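Undergrad: chains from the complex, first installment, not repositioned:
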Amino acid sequence: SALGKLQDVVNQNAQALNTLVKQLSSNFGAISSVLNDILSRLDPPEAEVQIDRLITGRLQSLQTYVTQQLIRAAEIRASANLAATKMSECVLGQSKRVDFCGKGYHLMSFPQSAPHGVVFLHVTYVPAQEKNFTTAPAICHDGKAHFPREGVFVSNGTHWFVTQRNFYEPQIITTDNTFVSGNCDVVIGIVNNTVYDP
């Protein structure tokens, strides 16, 4: 029950064809479903009338089948356009869109051939083993406010560090990972600390 979409498409096409073949063997109000017997039993006017009724019914069945095939083809075309977009933006590159190529942070993708479709194996990065920390919007030092460059201020309880958002790699707060953009009277939640000067 993992390849349900392709199997469903194949089953729908086979069911449509079988329904068309069965519907070929429908009377549609005529004397018989076979034309040779109709010609043999009836005179040319009545046989022509019954044959004409059968023609109308069978053509109506063909119109319904063709319309269903066109609608299914539109759906399959939309799915194929989506698959081409996924192949382009996830196999030929890394996609920043959320959940377009799997849950979590997308890393890469690998396509695999299928009988009437494609299978994408999305390799993604999923964070785990979470831990609590105490933050602050900025660090107050020498009457100035320091904000992280590409990280965040956290504290394990006694000391403050700068770590990247998606992984816990604490580092000493220096001037090489923080920038100064004002004083300590406008930022809400600032905390007094020292900033290392290398």
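TA: The structure has been received and is ready for your questions. Residues are numbered from 1 along each chain as shown, chains lettered A, B, ... in the order given.

Undergrad: hmm, residue A:79 and residue A:9 touching each other?
TA: No. Using Cβ atoms under 8 Å, residue A:9 is not in contact with residue A:79, being 9.0 Å away. The way it works is simple: take the backbone N, C-alpha and C, and place the C-beta from them, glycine included.

Undergrad: between these two, which is the more surrounded one?
TA: residue A:9 (17 against 14; other Cβ atoms under 10 Å).

Undergrad: hmm, who's touching stretch A:99-107?
TA: Applying Cβ atoms under 8 Å, 6 or more residues apart in numbering, the set of residues contacting stretch A:99-107 from outside is A:86, A:89-90, A:94-96, A:109, A:120, A:122-127, A:166.

Undergrad: cutoff 6 Å now
TA: Outside stretch A:99-107, the residues within contact range by Cβ atoms under 6 Å, 6 or more residues apart in numbering are A:90, A:95, A:109, A:122, A:123, A:124, A:125, A:126.

Undergrad: ditto for stretch A:12-20
TA: Counting by Cβ under 6 Å, 6+ apart, residue A:65 sit against stretch A:12-20.

Undergrad: just the C-alpha atoms of it, please, in PDB.
TA: Extracted in PDB, the C-alpha atoms of stretch A:12-20 (Å, rounded to 0.1, in the frame of the first residue of the first chain):
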ATOM      1  CA  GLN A  12      -8.700   3.400 -13.300                       C
ATOM      2  CA  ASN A  13      -7.500   3.100 -16.900                       C
ATOM      3  CA  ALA A  14      -8.100  -0.700 -16.900                       C
ATOM      4  CA  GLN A  15     -11.600  -0.200 -15.400                       C
ATOM      5  CA  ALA A  16     -12.400   2.500 -18.000                       C
ATOM      6  CA  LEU A  17     -11.400   0.200 -20.900                       C
ATOM      7  CA  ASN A  18     -13.300  -2.700 -19.400                       C
ATOM      8  CA  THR A  19     -16.400  -0.600 -18.900                       C
ATOM      9  CA  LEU A  20     -16.100   0.600 -22.500                       C
END
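
Undergrad: buried sites along it?
TA: Residues of stretch A:12-20 classed as buried by neighbour count (16 or more other Cβ atoms under 10 Å): residue A:20.

Undergrad: please identify the buried residues of stretch A:16-33?
TA: By neighbour count on 16+ other Cβ under 10 Å, the buried set for stretch A:16-33 is A:20, A:23, A:30, A:31.

Undergrad: can you get me the start-to-end distance on it?
TA: End-to-end span of stretch A:16-33 (Cα to Cα, to the nearest Å): 20 Å.

Undergrad: now swap in stretch A:163-178 and tell me
TA: The straight-line separation of the ends of stretch A:163-178 (Cα to Cα) is 12 Å.

Undergrad: and if you look at stretch A:182-198?
TA: Distance between the boundary residues of stretch A:182-198 (Cα to Cα) amounts to 21 Å.

Undergrad: could you also fit chain B onto it:
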Amino acid sequence: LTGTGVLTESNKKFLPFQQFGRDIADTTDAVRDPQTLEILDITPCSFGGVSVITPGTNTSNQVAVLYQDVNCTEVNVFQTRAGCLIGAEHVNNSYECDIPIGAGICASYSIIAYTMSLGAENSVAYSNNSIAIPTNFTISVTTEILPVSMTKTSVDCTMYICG
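TA: Below is chain B, added to the chains above:
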């Protein structure tokens, strides 16, 4: 005019020259009986769809029968917004929807019927000076199946029709 349905008392007041009342889109709604000149509302007797809720013959042969949009007082018995259910025992718990019946009601295998659980309820420990940071990670491979094409079929109508 010959119809079929149930007759009931109607609070609508007609006009003396008016015999019967037609509902919107030209369907009969009420007819006044000529004998005592009383307004009687006519609505068709209950009809619906019969559905079967089953865990599949591989597991068990026990089934539950659902009558769609039918009040089963005139046909265990349970009443849902989707109709009436017979053969399923209602429970007060909540699990993941196994067999979707409708209107927030799902059945699972005896056959039980319950209200579907939207998911595990958890409260995030939000605070104005607290963060959660992951110290580890996992590499997850997810499989996505996308159809690309169907079988190409051609029909020769001239010979398809009658050979």
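
Undergrad: could you re-examine the buried residues of stretch A:12-20 with chain B now present?
TA: A:13, A:16, A:20 (16 or more other Cβ atoms under 10 Å in any protein chain shown).

Undergrad: quick one, phi/psi of the first one?
TA: Spelled out, that is residue A:13. Phi and psi for residue A:13, reported as degrees, to the nearest 10, are phi -60, psi -40.

Undergrad: got it, and the second one?
TA: When quoted as degrees, to the nearest 10, the phi and psi of residue A:16 stand at phi -60, psi -40.

Undergrad: likewise the last one?
TA: The main-chain torsion angles of residue A:20 are listed as degrees, to the nearest 10 and equal phi -60, psi -40.

Undergrad: likewise residue B:137?
TA: Note on residue B:137: backbone dihedrals following degrees, to the nearest 10 are phi -160, psi 170.

Undergrad: what's the spacing between it and chain A?
TA: Distance, residue B:137 to chain A, by Cβ to the nearest Cβ, to the nearest Å: 5 Å.

Undergrad: is that residue bridged to anything, and to what?
TA: residue A:127 (DSSP bridges).

Undergrad: I'd say it and residue A:127 touch.
TA: Yes. If you go by Cβ atoms under 6 Å, residue B:137 and residue A:127 touch, sitting 5.4 Å apart.

Undergrad: could you check how far the residue of chain A positioned farthest from its centre is from residue A:27?
TA: For chain A, the residue at maximal distance from the C-alpha centroid (Cα atoms, centre = their mean) is residue A:43, at 62.5 Å. Distance of residue A:43 to residue A:27, computed by Cβ to Cβ, to the nearest Å: 19 Å.

Undergrad: related to what we said a few turns ago, looking at residue B:137 and residue A:127, which one has more neighbours?
TA: residue A:127 (18 against 15; other Cβ atoms under 10 Å in any protein chain shown).

Undergrad: hang on, isn't the more buried one packed against residue B:138?
TA: No. Residue A:127 is beyond contact range of residue B:138, at 8.2 Å (criterion: Cβ under 6 Å).

Undergrad: returning to what we had before: which of the buried residues of stretch A:12-20 come close to chain B?
TA: Restricting these to those adjacent to chain B (criterion: Cβ under 6 Å from any Cβ of the partner chain) gives residue A:13.

Undergrad: can I get the buried residues of stretch A:12-20 in CSV including distance to residue A:198?
TA: Listed next are those as CSV, based on distance: Cβ to Cβ, whole Å:
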residue, distance to residue A:198
A:13, 69
A:16, 73
A:20, 79
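
Undergrad: between the buried residues of stretch A:12-20, which is closest to chain B?
TA: residue A:13 (5.4 Å; Cβ to the nearest Cβ).

Undergrad: how much space is there between that closest one and residue A:68?
TA: If you go by Cβ to Cβ, the gap between residue A:13 and residue A:68 works out to 10 Å.

Undergrad: and for residue B:49?
TA: Distance, residue B:49 to residue A:68, by Cβ to Cβ: 23 Å.

Undergrad: include this sequence as chain C:
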Amino acid sequence: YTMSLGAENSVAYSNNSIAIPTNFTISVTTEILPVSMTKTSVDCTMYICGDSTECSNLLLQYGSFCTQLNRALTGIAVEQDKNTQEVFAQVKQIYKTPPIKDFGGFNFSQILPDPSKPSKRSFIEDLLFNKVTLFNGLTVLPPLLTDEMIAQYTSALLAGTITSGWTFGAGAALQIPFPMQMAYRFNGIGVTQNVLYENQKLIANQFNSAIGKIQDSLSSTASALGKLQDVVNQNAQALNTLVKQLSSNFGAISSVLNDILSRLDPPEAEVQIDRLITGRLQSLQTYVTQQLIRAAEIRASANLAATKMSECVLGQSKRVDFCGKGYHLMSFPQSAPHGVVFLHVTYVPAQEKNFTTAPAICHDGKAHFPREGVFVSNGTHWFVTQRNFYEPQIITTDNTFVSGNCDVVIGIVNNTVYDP
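TA: Let me put chain C in with the others:
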């Protein structure tokens, strides 16, 4: 008259001149997307015949048409359930807002559920649910997910978004205060965090005012939910047309079949019954085909809505105009009778000012280019700022890099570079 294509203005384009905004605007934009339509099931045997065994017996010679129509309608109904599930059941856990609301001044009471509990629904969703107004083999299948469950899904999405940012969309929810979430989103649009922290109160006030304006627009202005109304009106018109076609002569003697049975012997009557069967079958096939096309359109709209939820509610989108006019910050989903509504919070620059620029700075026979931002001049002195906001800073070796000399750069300007 002839259409006015828009306001005609000439941009003051010139070399070594830029316009840099000195202020921001927080804009909330409402977008409405249908997610599903009413699930209708039609029994062709009852619709075409209406309790006549001989009519049904005549209909058996027509083959399996009723089975195809019932299968198509059932496929449409399960398709609507699937679209609703894809749009609204993105998350697998029902996150809950904390009992205390301390989000740095931001107010979400109008989008979060209220203690009054009108089937556990927010005030905006109450406004939307009050702004939309909604027998012959026709049945209306109820949706699998009720309104309260859809409201609970949206409330969980709001709780996750306001307590964990985009972390819960990629896995386990990581709690984070709304101030640092907004700072991260500003970094997402190329604006430093200090811009947020300097004007946190102003940003919160602008966001609250924008939510109030959305409230007033939903309360007063009509036809705001015109897409969902058009969908339900088209469905109602299709059903009404089907019922009206049921009352059709179809080239017979009368549009009612019981009178045909009572006013003709069975042999003659069969012909008229056959004619009525053909006409009603044609009408039903036309209705089913139209419903299939409309269902495909609704499915496309719901796929679009699920995509918008996925990279605009569960994350920040860098795509232009996908989730709002401006630099997208975040989005909020709300329920609607047969669809979804996204409130896109976006960043709009405002109060621009003219400045004189240079591609690089010539100092000590070397060309200096900014690491991020642009070199600007206010007339006398040259500074370096960022593109989306005016934060003038002195030119320094820390925020500039050297990549050659001044003999190749077109537009080079002599200046001094401070070395700390």
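
Undergrad: what about the buried residues of stretch A:16-33 again, now that chain C is present?
TA: Buried residues in stretch A:16-33, counting neighbours by 16+ other Cβ under 10 Å, are found at A:16, A:19, A:20, A:23, A:24, A:26, A:27, A:28, A:29, A:30, A:31, A:33.

Undergrad: and what of stretch A:188-198?
TA: Buried residues in stretch A:188-198 (16+ other Cβ under 10 Å): A:189, A:190, A:191, A:193, A:195.

Undergrad: out of those residues, flag the one nearest to chain B.
TA: Nearest to chain B among the buried residues of stretch A:188-198 is residue A:189, at 6.6 Å by Cβ to the nearest Cβ.

Undergrad: secondary structure class for that closest one?
TA: Following DSSP: H, G, I helix; E, B strand; the rest coil, we place residue A:189 in the coil state.

Undergrad: out of everything not next to it in sequence, what's closest to it?
TA: What sits nearest to residue A:189 in space, not counting adjacent residues and going by Cβ to Cβ, 6 or more residues apart in numbering or on different chains, is residue A:137, at 4.8 Å.

Undergrad: show the backbone phi and psi for that neighbour.
TA: phi -60, psi -30.

Undergrad: and for it, the neighbour number?
TA: Neighbour count of residue A:137, defined by other Cβ under 10 Å: 25.

Undergrad: show me what contacts it?
TA: Residue A:137 is in contact with A:187, A:189, C:179, C:197, counting by Cβ atoms under 6 Å, 6 or more residues apart in numbering or on different chains.

Undergrad: please repeat the previous calculation with a cut-off of 7 Å.
TA: Each residue near residue A:137 by Cβ atoms under 7 Å, 6 or more residues apart in numbering or on different chains is listed here: A:187, A:189, A:190, C:179, C:180, C:197.

Undergrad: kindly report the same for residue A:75.
TA: Neighbouring residues of residue A:75 by Cβ under 7 Å, 6+ apart: residue C:296.

Undergrad: wasn't it part of a helix?
TA: Yes. Assessed by three-state DSSP, residue A:75 belongs to a helix.

Undergrad: ok, back up a step: now the buried residues of stretch A:16-33 as TSV including secondary structure?
TA: Shown next, in TSV, are the buried residues of stretch A:16-33 (three-state DSSP):
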residue	secondary structure
A:16	helix
A:19	helix
A:20	helix
A:23	helix
A:24	helix
A:26	coil
A:27	coil
A:28	coil
A:29	coil
A:30	coil
A:31	coil
A:33	coil
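
Undergrad: between which two of these is the distance greatest?
TA: Farthest pair in the buried residues of stretch A:16-33 (Cβ to Cβ) is A:16 and A:31. Separation: 28.2 Å.

Undergrad: so residue B:87 is in contact with residue B:63, correct?
TA: Yes. If you go by Cβ atoms under 7 Å, residue B:87 and residue B:63 touch, sitting 6.2 Å apart.

Undergrad: who's more crowded, those two?
TA: Neighbour count, other Cβ under 10 Å: between residue B:87 and residue B:63, residue B:87 has more, with 19 against 14.
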